[PDB]
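# Architecture at a glance
The chain contents come next:
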Amino acid sequence: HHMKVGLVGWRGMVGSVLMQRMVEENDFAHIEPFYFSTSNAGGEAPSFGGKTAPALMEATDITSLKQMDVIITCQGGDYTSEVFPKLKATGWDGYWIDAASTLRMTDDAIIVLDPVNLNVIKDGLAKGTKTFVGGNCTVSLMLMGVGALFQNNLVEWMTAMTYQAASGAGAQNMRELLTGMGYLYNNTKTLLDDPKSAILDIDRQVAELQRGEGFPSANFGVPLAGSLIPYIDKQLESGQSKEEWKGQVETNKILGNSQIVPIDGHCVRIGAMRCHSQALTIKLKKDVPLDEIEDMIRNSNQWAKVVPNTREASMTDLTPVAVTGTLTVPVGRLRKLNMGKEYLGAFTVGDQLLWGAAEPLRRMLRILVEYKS
Amino acid sequence: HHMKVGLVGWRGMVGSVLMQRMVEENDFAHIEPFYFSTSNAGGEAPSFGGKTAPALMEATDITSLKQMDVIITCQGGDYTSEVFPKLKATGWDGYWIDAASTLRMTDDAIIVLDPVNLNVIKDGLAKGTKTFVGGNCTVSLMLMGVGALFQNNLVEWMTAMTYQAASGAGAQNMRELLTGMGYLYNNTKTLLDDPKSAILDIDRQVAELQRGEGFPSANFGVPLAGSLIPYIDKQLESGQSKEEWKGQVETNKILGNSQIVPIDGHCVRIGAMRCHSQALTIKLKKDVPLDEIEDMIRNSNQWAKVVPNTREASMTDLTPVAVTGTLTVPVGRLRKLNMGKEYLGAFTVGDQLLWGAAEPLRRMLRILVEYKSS
């Protein structure tokens, strides 16, 4: 028997990465797919993987959703907040796989990152857990790189200073970043085209352009091109942003920690398209040799990569350009810090749309397919 | 009476900021300026501040330099390494004020950041110190913002994860950053001009552009626009970069600490023009109340500012856009971290060409002028 799988939000950015990866990995072979829509119900459905589906169904129609064995949704938090309580109220006993943060910290949900917590997932499947949620992008990308140190109970605490890409905010935010890049160059190029133009005149013009009404900043609120924004997501009473708050709660939940390992830091937006980078101060519980730390990372999963701590390798392999659109999670600059041999510095880069969004969801669907067979 | 002041490297980027600031602050009224040149000796000199000067002198000519009471040089490390030992070998007893890192850690030099270490400077002047050097941009900007915590001996250690601008690498690097921004947009705009074009198509095209031979990366060596580079300056035997190593040695030398406060972290280049930003994990020796920490920062000097830890204020005041080309040094996101009340998080932004380069040098010149008139 093939499970009836309802796909929701498959047309948006994260859902589109999910569809591309599912096709690449032959994921449609053993499911019966049904496509849902919020603006095009009744229209022609895709036939991804060569599997035809009936006309698009209404994503908010509880009676249609209830006919599915699994719902995998990339539609987002407003959708889950509206639809999930009503679907569950019917007695529907199917599986819900969600990209959105809504359900992450609910008692009945597991946050999925199976290269790190396959055991947690499989235990939950057997115990009757029905709701599985992707983690926040920054947490998942960090654990894909240095999660082995946590799994071995080596970490006393960690601070994470992030360099987050525009894709985490959305497709319109990525387009705005690029448009702003063009705005700065195209309105300065008459100066740049003269090799002897004054750099201070060029610089004055960039600043005027960034501060002016013409700069396109509708989505981020303030300029990102040529700048950074040291605040991501909602303001909490403590002064932490919600993005920073996710670090401690989601990391410890993915790991299944009952006792919290403290995680904190600043989450900062920079002008990259879709790779998040993180600069980590990791306080270890004991003096672990650096070469053993490196081997733990290498052996943790096939996507983590240790980048030698050299100028050349760091510049070519430990950047958004090296990583973007790939499943590789490099970890570099690995070094014991000046305040003691128990202090480990690390710098890691990962693709936000893959391990940070779509990839845990398709792998969870595969785990469920194999479990149900 | 006016000291004869030789200006070297005044035409370069840092020296141009110095010259503009000196004009704005009427710094030429108190000196007799002489202009030196490495490629235009004999040419007409500027008359900044309305002071005329003789024809440009040769910056490497020891006979001309030794006529000066003060040399202030923005020319750079290769120049200082060549000329400084030759000039001091003559017995020249003048003052040397230098932007370059060359002399920073020599016994006889003082690193100048007078809003933080005026006492170290005035002490050295009275002891006979003649060589005063600007500190690395990262350290100076950090101390302008949170130096009060170190001056009050509250800091047990600190890690600094930096977001450094192109200007620290040079004018050509800034131009390359902007040119790469244009390269990415102008070669993707046929897609961007369609509101329904596929974001993954746009993304694929940006990555191809960044990875292709057409991408302008001669100066940084790899792309910076749309990226970052987690390595700045030379690789040291310890695995630090030289940029990261400057953190601990320069901070403790500016402050005059006998007991070294550990400072470490990663220095990362991002696509900004001339403002460095730094995300700090500060381990305090005791639980200092957050409001007292903020007051220490606010009251430290007139350029440090505490940005309220709110989404709106952080987005508008704690960014390169808010700070660029100004002397303001905002410090924000100030909060005790989850691992304990002794752990303080902070995020600060500073202009690299002003407090990070030219401003300490012109202020040092003013200190010297005032000191030599008693």
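Residues numbered from 1 in each chain as written, not as in the entry; some residues may be left out. Chains lettered and ligands numbered in written order. Heavy atoms only, no water. Residues with missing side-chain atoms left out of burial classes, pairs and counts.

Method of determination for the deposited model, per the PDB record: X-ray crystallography, at 1.80 Å resolution.

## A word on the pairing of strand 8 (residues 155-163) of chain A
Residue and element names in this part refer to chain A. Taking burial as the measure, the 9 residues of strand 8 include 8 buried ones, the bulk of the element. Note that strand 8 and strand 12 (residues 275-284) share 8 bridges and pair antiparallel. Counted as the bridge partner of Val-155 is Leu-284 from strand 12. Examined bridge by bridge, strand 8 and strand 10 (residues 263-266) share 4 bridges and lie parallel to one another. Looking across to strand 10, one finds that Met-161 is bridged to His-266. (Buried < 20%, exposed > 50% of the residue type's maximum accessible area, 1.4 Å probe, protein only. Helix = DSSP H or I, 4+ residues; strand = E, 2+ residues; numbered from the N terminus. Pairing = 2+ DSSP bridges.)

## Section: the UniProt feature "active site" (unreviewed entry) in chain B
All names here are of chain B. Within this numbering scheme, the UniProt entry marks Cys-137 and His-276 as carrying the feature "active site" (unreviewed entry). Across 140 residues in sequence, these annotated residues keep their C-alpha atoms within 8.2 Å of one another, forming a single compact spot. Examined against the element boundaries, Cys-137 turns out to sit in helix 5 (residues 137-151). In this structure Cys-137 comes out as buried when scored by relative accessible area, which is 8%. Look past the residues within four positions of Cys-137 in its chain and what remains in contact with it is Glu-243, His-276, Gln-352 and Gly-356. The residue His-276 is located in strand 12 (residues 275-284) in this model. Each residue touching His-276, except ones within four places of it in the same chain, is listed here: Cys-137, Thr-138, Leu-141, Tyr-163, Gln-164, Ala-165, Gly-168, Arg-269, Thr-348, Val-349, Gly-350 and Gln-352. (UniProt positions renumbered as here; feature names shortened; annotations may be inferred. Contact = heavy atoms within 4.5 Å.)

## Re the UniProt feature "binding site: substrate" (unreviewed entry) in chain B
Residue and element names in this part refer to chain B. Sites flagged by UniProt as "binding site: substrate" (unreviewed entry) map to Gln-164, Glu-243 and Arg-269. Across 106 residues in sequence, these annotated residues keep their C-alpha atoms within 10.9 Å of one another, forming a single compact spot. Here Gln-164 lies in the loop between strand 8 (155-163) and helix 6 (171-186). The buried category is assigned to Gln-164, whose relative accessible area is 0%. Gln-164 has contacts with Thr-138, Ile-232, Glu-243, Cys-267, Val-268, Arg-269, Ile-270 and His-276, leaving out every residue within four places of it along the chain. At a separation of 2.9 Å, a polar atom in the side chain of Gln-164 contacts the side chain of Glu-243. Locating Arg-269 in the fold gives a position in strand 11 (residues 269-270). With near-sequence residues (within four places) excluded, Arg-269 lies in contact with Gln-164, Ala-165, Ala-166, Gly-168, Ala-169, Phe-220, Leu-224, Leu-228, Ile-229, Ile-232 and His-276. (Polar contact = N/O pair within 3.5 Å; in protein donor to acceptor, adjacent residues only side chain to side chain.)

## Here we look at the nonpolar core
The biggest cluster of nonpolar side chains holds 114 residues, and the ones touching the most others in it are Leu-7, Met-364 and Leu-365 of chain A together with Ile-97, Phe-132 and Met-364 of chain B. When neighbours within four sequence positions are excluded, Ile-97 of chain B is seen to be in contact with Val-70, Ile-71, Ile-72, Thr-73, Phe-132, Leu-361, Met-364, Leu-365 and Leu-368 of chain B. (Core = buried A, V, L, I, M, F, W, Y, C linked by side-chain atoms within 4.5 Å.)

## Remarks on the environment of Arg-333 of chain A
Residues and elements named next belong to chain A. Mapping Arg-333 onto the fold places it in strand 14 (residues 329-336). On a C-alpha basis, the gap between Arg-333 and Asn-309 in space is 4.8 Å, while along the polypeptide they are 24 residues apart. Of note is the side chain of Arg-333, whose polar atom sits 2.7 Å from the side chain of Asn-309.

## Structural notes on unusual backbone geometry
Residues and elements named next belong to chain B. Residue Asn-153 is not a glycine yet carries a positive backbone phi of 55°. Inspection of the secondary structure assignment puts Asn-153 in the loop between helix 5 and strand 8. Positive phi outside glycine occurs at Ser-374, with the angle close to 80°. Within the element layout of this structure, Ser-374 appears in the segment after helix 13 (354-372). Owing to a relative accessible area of 83%, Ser-374 belongs among the exposed residues under this scheme.

## Details of the interface of chain A and chain B
Residue-level contacts link 91 residues of chain A with 90 residues of chain B. Among the elements that make up the side of chain A that touches chain B, the one with the highest residue count is helix 6 (residues 171-186) of chain A (10 residues). Across the side of chain A that touches chain B, the residue classes tally to 48 nonpolar, 31 polar and 12 charged. (Nonpolar A, V, L, I, M, F, W, Y, C, P; charged D, E, K, R; others polar.)

## As for the domain arrangement of chain A
All names here are of chain A. Along its sequence, chain A is carved into domain 1 (1-136 + 353-373) and domain 2 (137-352). Look at where the C-alpha atoms of domain 1 and domain 2 centre, and you get two points 28 Å apart. Of the roughly 2300 Å² buried between domain 1 and domain 2, counting both surfaces, carbon and sulfur atoms make up 63%. A per-residue breakdown of the area domain 1 buries against domain 2 is headed by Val-116, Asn-136 and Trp-355, which together make up 34% of the total. Our count for the contact surface shared by domain 1 and domain 2 stands at 1 salt bridge. Between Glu-250 and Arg-104 there is a salt bridge, with its nearest N and O atoms 2.9 Å apart. At the junction of domain 1 and domain 2, the tally comes to 18 residue pairs in polar contact. Listed by contribution, the elements that provide at least two residues to the side of domain 1 that touches domain 2 are helix 1 (13-24), strand 6 (109-112), helix 4 (114-127) and helix 13 (354-372). Broken down by element, the residue count for the side of domain 1 that touches domain 2 peaks at 6 residues, all from helix 13. For the side of domain 1 that touches domain 2, the class distribution of residues is 12 nonpolar, 6 polar and 4 charged. (Domains from an automatic or database assignment. Buried area = accessible area lost by both parts, 1.4 Å probe. Salt bridge = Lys/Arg side-chain N within 4 Å of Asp/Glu carboxyl O.)

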